[PDB]
Q: 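To start, I am sharing the structure in question, which I have written as structure tokens.
Note that these values count all heavy atoms, side chains included, but never hydrogens, waters or copies made by symmetry. Below, chains carry the letters A, B, ... as their sequence lines are ordered, and counting in each starts from 1.
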Amino acid sequence: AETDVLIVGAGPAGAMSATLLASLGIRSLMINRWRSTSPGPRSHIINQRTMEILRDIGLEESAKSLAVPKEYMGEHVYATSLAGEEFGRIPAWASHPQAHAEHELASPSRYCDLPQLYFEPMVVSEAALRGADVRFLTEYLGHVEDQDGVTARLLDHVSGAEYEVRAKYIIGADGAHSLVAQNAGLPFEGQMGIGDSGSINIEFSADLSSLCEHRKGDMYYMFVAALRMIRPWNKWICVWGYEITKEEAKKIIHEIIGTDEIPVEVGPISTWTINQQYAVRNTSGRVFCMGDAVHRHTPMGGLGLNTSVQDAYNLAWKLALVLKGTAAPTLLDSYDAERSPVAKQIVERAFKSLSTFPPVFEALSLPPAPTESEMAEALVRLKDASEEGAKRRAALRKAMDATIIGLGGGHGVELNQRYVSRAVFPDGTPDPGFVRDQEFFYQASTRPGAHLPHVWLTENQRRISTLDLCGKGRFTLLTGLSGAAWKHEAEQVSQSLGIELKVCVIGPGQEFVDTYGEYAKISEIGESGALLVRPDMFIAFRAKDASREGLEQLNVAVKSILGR
Amino acid sequence: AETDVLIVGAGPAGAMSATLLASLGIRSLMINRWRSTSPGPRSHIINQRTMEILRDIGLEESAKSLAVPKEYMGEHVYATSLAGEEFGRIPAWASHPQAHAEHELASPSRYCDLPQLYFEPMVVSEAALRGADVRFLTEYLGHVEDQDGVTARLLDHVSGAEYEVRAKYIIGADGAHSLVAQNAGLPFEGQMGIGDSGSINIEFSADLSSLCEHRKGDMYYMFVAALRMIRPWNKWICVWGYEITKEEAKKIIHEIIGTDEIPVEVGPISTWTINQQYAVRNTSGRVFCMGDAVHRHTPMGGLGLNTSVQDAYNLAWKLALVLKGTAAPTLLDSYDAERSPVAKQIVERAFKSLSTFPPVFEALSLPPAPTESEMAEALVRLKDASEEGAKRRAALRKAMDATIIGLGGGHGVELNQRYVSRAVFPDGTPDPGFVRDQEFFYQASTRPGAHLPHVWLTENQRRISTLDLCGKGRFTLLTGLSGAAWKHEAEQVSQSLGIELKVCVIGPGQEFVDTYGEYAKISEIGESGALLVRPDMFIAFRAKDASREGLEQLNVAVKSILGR
Amino acid sequence: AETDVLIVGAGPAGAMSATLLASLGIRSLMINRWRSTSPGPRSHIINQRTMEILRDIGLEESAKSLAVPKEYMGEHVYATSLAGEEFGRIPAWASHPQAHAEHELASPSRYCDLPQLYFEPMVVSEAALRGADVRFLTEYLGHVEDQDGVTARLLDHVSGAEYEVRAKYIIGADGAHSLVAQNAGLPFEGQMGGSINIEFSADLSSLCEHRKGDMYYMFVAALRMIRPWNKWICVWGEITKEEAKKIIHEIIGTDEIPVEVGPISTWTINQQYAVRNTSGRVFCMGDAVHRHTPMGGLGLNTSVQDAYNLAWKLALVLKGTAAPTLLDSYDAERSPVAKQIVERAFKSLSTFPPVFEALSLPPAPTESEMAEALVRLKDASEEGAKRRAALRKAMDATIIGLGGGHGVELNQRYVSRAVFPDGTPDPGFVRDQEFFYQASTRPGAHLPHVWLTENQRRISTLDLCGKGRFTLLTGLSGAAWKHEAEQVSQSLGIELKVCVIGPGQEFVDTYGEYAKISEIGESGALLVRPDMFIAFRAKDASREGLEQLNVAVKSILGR
Ligand SMILES: Cc1cc2nc3c(=O)[nH]c(=O)nc-3n(C[C@H](O)[C@H](O)[C@H](O)COP(=O)(O)OP(=O)(O)OC[C@H]3O[C@@H](n4cnc5c(N)ncnc54)[C@H](O)[C@@H]3O)c2cc1C
Ligand SMILES: Cc1cc2nc3c(=O)[nH]c(=O)nc-3n(C[C@H](O)[C@H](O)[C@H](O)COP(=O)(O)OP(=O)(O)OC[C@H]3O[C@@H](n4cnc5c(N)ncnc54)[C@H](O)[C@@H]3O)c2cc1C
Ligand SMILES: Cc1cc2nc3c(=O)[nH]c(=O)nc-3n(C[C@H](O)[C@H](O)[C@H](O)COP(=O)(O)OP(=O)(O)OC[C@H]3O[C@@H](n4cnc5c(N)ncnc54)[C@H](O)[C@@H]3O)c2cc1C
């Protein structure tokens, strides 16, 4: 067997890698050890960046059809049981109107709930239909790198046969115990969170619409076990901290529903164990790891799947340009530089969220483990008509509010990627800062290294996002009428370098129109300046004006970005 | 390699076979020669029976989310071009209110438009997630039957390796040139339709919502080329009768749109060639063929995919009962008996529809091939203010009306399955007839051999169909309060035979309630009578009353149905 | 004071009369004794004919905004209480798919639920905004007819003043104790044959949303939706205390939804119909000429249709384009509708009693008697079967009064001087004419609905017509009709629009459903009154066919 890229792993990072490469005409073989995509929905939260990627490759409309919308997600209930009395609620998944506005402003896409159970086959299917070879029941066993490519050895769980694959690169998308990361010898750090422990996950079916429809929520937390909607509102899952459990789980569930009179049907029961670590480096020679393979962490914030897919989006177009000989192999160095700091920041963030929960119990004057008599008292203490009862209600409210960082509040974490690499050609301006907390709030930036900011233009008097002008596996140059020279400069650069760069001259009477003036407003530069946008939506070059010197630079920057 | 059932082919008949078997705990391996599910949407019409199957295995809600609804499908336009003047319209896909009522009455499910492009991965994915092994890039080469099973030889298009699979049965779901049907030596009949010829199919993208949204339709026919919505209303395909075609197709398209000012983007271009035949027998020893493998025909009526899936639904539960030793292998004889007559009837029906089109041209006083001057005159002749112009307008209207048999009018064809086999235990009543034309109109029947009729009951004051009580890979017995004895008779029969049969006693204060009285009305028998329903929704046994003799029979009928 | 038409009464028949007359440029003065439109919800069902009238004067979209749509309306529950066990359901208001199809086929409009409480001000408002003078707190006291008009005496409940109004005609829209009908001396018949109504508020959505119904009958008190699902009224067949809340809790079968008891009012019908609706210059309509049970909700709907029949006639006569003989048709056509609806509404009362007999229940049941019958019904016996079937049969038969009388609603058949007969015999109803609408293009019938297109958009044959004028429908081969209609129009001084339906025309028979429903050649014509009724039908465009249009119009107009 021979391919250009062997993709070990078929979860979110692998499938997306296969889909993007195929889209770019790169031959790839993607392998999974197991029979199917993943039996249970491990991750459900889809952030804006993932939706943006889905939009760019034309899969957002399917993702949207399938997924529960944002409006359903908002009501996060803390309570004793589902049918019991609430302690309080918090506006999760950006459902507070101010959060929602900040959310809407940051992207054309929105939060939805879409379980991995559904997300994966949707992407594996599209990988297959696009150029990509896909082969499950096939186990990566190891590989040996030489100067020209790699040779992987595979074990075929249908035939019993074993075989080799020759490839130019290997992507290690092989999950939380990446054998590909071991064999490439990737250093890992931040091993210690607390003592290693995970969770237990029980799927079930029951029609609790009568308890959910007035107060629609992605999750309901009981003091700590979580009830998470899989479909609204009949498919569910109970999660709690941590182990063999029988069809007694069915009592636990009843007690988590606070009532034993909805018919329940207990599905599968799985345990999730996490050792929290991030790879210091994600690349070794011809090997590139991504997804859980380089960042292993708590589910808090649901950053994993989303960061996993973004790893794939960073790498794909880079592999493709190198494979085609339009970019030097040095281009592949910026994968580690851009995407390695994201791996540490998200493991650290996901862990830090866990510490926002104890204060909820403290507010309740509760120990880490509480007797029901203990918990029943805390509820009484909470309806106390005294100033001490006030202080207490306020303390609980403050404690609850603080958990939001892990439940839709980390907009800054989701969006604020800053890239420093050879891939990103610096424009000479200093880094401006975040005016506000950079974990809670997205700050739009057009400085090289930042994601292209969203704003609405029109095409045929119809709204189109600045993002929809870009991507599609190519470089795009955005300017305005006074920067007409960019067209020509971009033509000469594209001929000489054998690369595709589309230029869009936004303005009145043009194909794309700055009809709300929001482009002029967000660009940070004169009408005649230009922004150059990577196939992965990131700005790699910024021009203040169309002046000759400004025009001359474009070539220097592209060459530099390509390693040429 | 070893499996119980080798499934050659991964299209609609194979995937559905794999999904159902897996659901029944039967080990299966399903193989496809190619990289992906199918690149283009060959078949889009999903009839009620398919929707019913999707409902029973819990995939209807996904099918529905993904698919264009019935209301969109109705407006069938005949015209010169999309932007030109209509000749007339017909209420396609049962959009006439009387058609719609007949439609709604016949099933809990409804027509939708869902291209194969989407349908296939949805089912292949669910097969995989359920027990089934699935392996693409693997070619069936032949097999040799012996007394105990079969040995297939496979060619692996990734490894280059070749290998054997041992299986107890083989399903030949391998399409219009089934190698499995050749090797099993299946006789084929009705070879001659006319001279063998097919069609050319051009995918394209364009935003013709401005020409489609006021008059929403599944297809637009131009005098004969068809414009078919893939997604509304921006993805499309042109089909005409028939050959290399370049990016000139793009002119053809413009002329089929009647205008050259919507931006068009020309996708893939494929040719469909059909030799119309049906297999006289679908079974030979341990081999069972289904789908296009046993019925090859015109798309008129879109019966293929739907009949293909129904073939799978007939067989699966039968294989499973035999594989488990609860049924004799004789049980497998009724596959040919029930499903072979469906194969001939649908090839013949699909062909016969083609002859409803010429009279449209005759009404137009048009030759088989017409010069534009010829066609432009016919339009003039049609606005003529004379009695001869009247006769002409009426003739065209009559001609157009008659095409409906192939565009949603064949409800009888879709639903009127009648089964005679060992599987179906006859109750002694004669065959009642169809009061109305049996190709246009569904006639509900509870006589053994017919599909269980749909009507609404309630469960928790919520509507539930008689169909939702049944299926799930088991036998179900429906009766009423006065037939309480059925419970016990069914218990004794199920113990002694080692089989699952669920009994539902419908009535007031019961789990399921005949709240509209529609069950009493549709059942054709006293409250105390029983209907026994196969896992495939077909009635196999009918009891007039709970009398001892009536009660004694149940055992005789089940034994007989199982071959025991 | 002076006006052309004094409209006594401001309910549905009066307001609609004022609105239509104003629309036709006729001066009218509509009065009403009371402060407001009516406080009570009263009649709620709006049938297709009323909806079509609302469509024609451009008020359907507003009617549809206010109203509960048909899809809410279908689940008719019979039960012990709202929160108790159902006996069964029936598909009310044409919710059975076959009923629904028959319904949808008969008209562009559909059943909705819109309480009088809302319907009335919407129409009184539109009367006022269109030419009409409207004056509440003003009581008709009597009148005296002479040769040239009438003089009504009015009592003004604001000023205390009393005053005279001179008018050409008087419409007696003054309700179930018409003083206008008494003074005109209208004979009444069918004097051969009261309810209490309690409004309340309560959020019973938890009991109603999975089973969406216009009404819930308890065994016999009715729960009726005012707004879904927090507004309610309890009806059954005298004083009441605040104990009324107690009755309501037991009708809800539970006392745990907060309830808020609104007004409490009694309805006391005396069932009669007027043999004649017209005397000299007086014309009565609405409850004034047909008084009956609510069964079928035909009253309001028939009331408005009375107004639609008369208005364009008064207008034509008032303008001198029609002889006063044209007014004679109003009794000829509307009076048989008045008897047929009183008789129908009463006959529906007979269906309910069997439902008890199926239950082996006395007319007045005790809670134990009625607890036994529910046991008797879950019995696992052949005699339990016969009984569950007897109850189902009994329940099914009530549907004639709950959406099943489509024939009653639509099957109007006018014979009179305002309908020019075409020589064909009356064809019959192939099916029961109380349950099933039968479309007809024979003169005397309502113009049948089918869809044409205009700009490739669906438009009903009805939308081509009306608008207070005569319309002539034909096809391309009947092009001569346009000229014949112009000559006739000029000579008679009366507007008649001609529509030549066909390919390349303004209106197109795009589905061929016109050719199919018309009953005549492409070159034939149908002439449609301002009230949607066919008054003339020609088979083809022959000279004799053409020459007859003028005879028919002259004849219709009385000239
Ligand atoms: C039970 C469970 C529950 C979870 N719940 C949540 C949650 O509630 N919220 C949340 O945010 N996150 C959750 N996660 C985390 C989530 O699954 C990860 O973020 C995500 O699946 C990792 O993406 P990935 O594609 O990098 O890795 P994976 O999705 O694990 O993909 C790795 C792939 O590589 C394949 N593979 C592994 N080894 C080999 C080999 N030797 N040869 C060939 N193929 C191989 C595997 O079969 C797999 O298909 C959960 C994970 C699990 C297991
Ligand atoms: C281009 C095209 C357009 C069409 N358009 C329409 C339309 O507009 N309307 C309509 O009603 N119908 C249409 N059809 C018909 C429709 O495709 C069939 O009804 C349906 O796909 C057949 O179902 P099936 O699963 O039995 O066969 P298929 O879907 O053909 O499945 C057969 C499978 O077996 C596999 N296979 C074949 N040989 C081997 C082998 N030796 N080893 C292993 N695997 C093998 C194939 O890869 C394939 O996956 C179209 C068909 C085509 C090809
Ligand atoms: C309490 C009640 C409940 C009802 N419930 C239902 C129901 O549930 N379902 C149903 O189908 N039908 C019901 N009806 C019937 C419905 O109200 C009638 O069909 C409808 O109101 C009659 O329309 P109308 O305009 O002809 O009469 P009305 O609506 O009574 O209009 C007559 C108008 O004339 C005015 N008037 C009377 N006398 C004089 C005078 N001397 N001077 C000036 N003005 C005068 C009155 O104020 C009134 O506004 C109910 C009627 C009542 C009274």
Side-chain angles (χ1 to χ4, degrees), chain B residues 461, chain C residues 38-45 68 72-90 92-93 113-119 194-209 211-269 293-297 299-300 345 348-349 351-353 355-356 361 363-367 370 395 398 401-403:
Chain B
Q461 293 186 353
Chain C
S38 79
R42 287 171 76 179
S43 167
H44 48 298
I45 309 271
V68 171
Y72 270 65
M73 292 177 72
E75 301 299 321
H76 187 98
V77 173
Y78 287 128
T80 35
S81 62
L82 184 64
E85 204 210 329
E86 316 183 354
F87 290 107
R89 300 182 195 173
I90 70 184
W93 314 117
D113 191 303
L114 187 64
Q116 246 185 280
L117 181 48
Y118 318 137
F119 180 102
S195 70
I196 162 73
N197 304 71
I198 314 181
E199 279 161 85
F200 69 95
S201 304
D203 181 350
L204 308 166
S205 61
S206 55
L207 287 155
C208 299
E209 174 92 3
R211 53 175 185 180
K212 289 176 181 72
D214 197 81
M215 285 175 61
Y216 305 79
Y217 280 20
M218 313 306 169
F219 299 112
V220 175
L223 219 34
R224 173 165 84 73
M225 180 283 304
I226 302 308
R227 267 358 210 171
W229 302 95
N230 48 21
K231 256 149 204 181
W232 296 97
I233 185 156
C234 195
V235 187
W236 66 91
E238 155 216 355
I239 303 301
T240 299
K241 183 178 179 180
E242 293 177 350
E243 293 177 350
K245 191 192 220 152
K246 248 155 150 222
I247 302 130
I248 292 178
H249 272 328
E250 73 185 342
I251 303 301
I252 294 169
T254 196
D255 74 37
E256 63 147 342
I257 295 138
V259 181
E260 199 65 13
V261 175
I264 285 177
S265 295
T266 68
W267 191 22
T268 203
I269 295 119
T293 91
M295 223 72 75
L300 185 161
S348 294
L349 292 185
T351 63
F352 292 97
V355 167
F356 279 112
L361 265 184
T366 299
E367 293 177 350
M370 172 61 88
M395 284 183 308
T398 71
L402 304 160

Q: Would you call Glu238(C) and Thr266(C) a side-chain contact if the rule is heavy atoms closer than 4.5 Å?
A: no
Q: Determine whether the side chains of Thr398(C) and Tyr78(C) contain a donor N or O and an acceptor N or O closer than 3.5 Å.
A: yes
Q: Does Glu209(C) CD have over 12 foreign heavy atoms under 6.0 Å away?
A: yes
Q: Going from CD1 on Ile264(C) to CG on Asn197(C), what distance comes out if it is rounded to the nearest 0.5 angstrom?
A: 10.0 Å
Q: Of all the heavy-atom pairs spanning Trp93(C) and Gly401(C), show the shortest one and how long it is.
A: CH2-O, 4.1 Å
Q: Output the distance between atom CG (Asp214(C)) and atom CD1 (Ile45(C)), rounded to the nearest 0.5 Å.
A: 4.5 Å
Q: Shortest non-hydrogen contact from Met218(C) to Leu82(C)?
A: CE-N, 3.6 Å
Q: Tell me the closest heavy-atom pair linking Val355(C) and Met395(C), and the distance in Å.
A: CG2-N, 4.1 Å
Q: Looking at side-chain heavy atoms only, is the closest gap between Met295(C) and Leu349(C) below 4.5 Å?
A: yes
Q: Between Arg211(C) and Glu75(C), does any NZ, NE, NH1 or NH2 come within less than 4.0 Å of an OD or OE carboxylate oxygen?
A: no
Q: Is there a side-chain contact between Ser348(C) and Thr293(C), using heavy atoms and a 4.5 Å cut-off?
A: no
Q: As an exercise, state the distance from CG of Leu204(C) to CG of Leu223(C), rounded to the nearest 0.5 Å.
A: 7.0 Å
Q: Nearest heavy-atom pair of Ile226(C) and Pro115(C): which atoms, and what distance?
A: O-CG, 4.0 Å
Q: Which atom names give the shortest non-hydrogen contact between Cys208(C) and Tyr216(C), and what distance separates them?
A: CB-OH, 3.7 Å
Q: How long is the span from the CD1 atom in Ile248(C) to the CG atom in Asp255(C), to the nearest 0.5 Å?
A: 12.5 Å
Q: Of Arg224(C), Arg42(C), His44(C), which meets side chain to side chain contact (heavy atoms under 4.5 Å, CB included) against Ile233(C)?
A: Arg224(C)
Q: Shortest non-hydrogen contact from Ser81(C) to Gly253(C)?
A: OG-CA, 3.2 Å
Q: Working to the nearest 0.5 Å, report the span between OG of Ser265(C) and CD1 of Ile196(C).
A: 7.0 Å
Q: Using ring pair (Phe, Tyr, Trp, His ring centres under 6.0 Å) as the criterion, point out the one residue from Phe87(C), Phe352(C), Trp236(C) that pairs with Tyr217(C).
A: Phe352(C)
Q: Counting C-beta onward and ignoring hydrogens, is there a side-chain heavy-atom pair between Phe200(C) and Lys245(C) closer than 4.5 Å?
A: no
Q: Using 30° and 60° as the class limits, which term best fits the ring planes of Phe219(C) and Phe356(C): parallel, tilted or perpendicular?
A: perpendicular
Q: Looking at side-chain heavy atoms only, is the closest gap between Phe119(C) and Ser43(C) below 4.5 Å?
A: no
Q: Within this structure, what is the CE-NZ distance for the pair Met225(C) and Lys231(C), rounded to the nearest 0.5 Å?
A: 11.5 Å
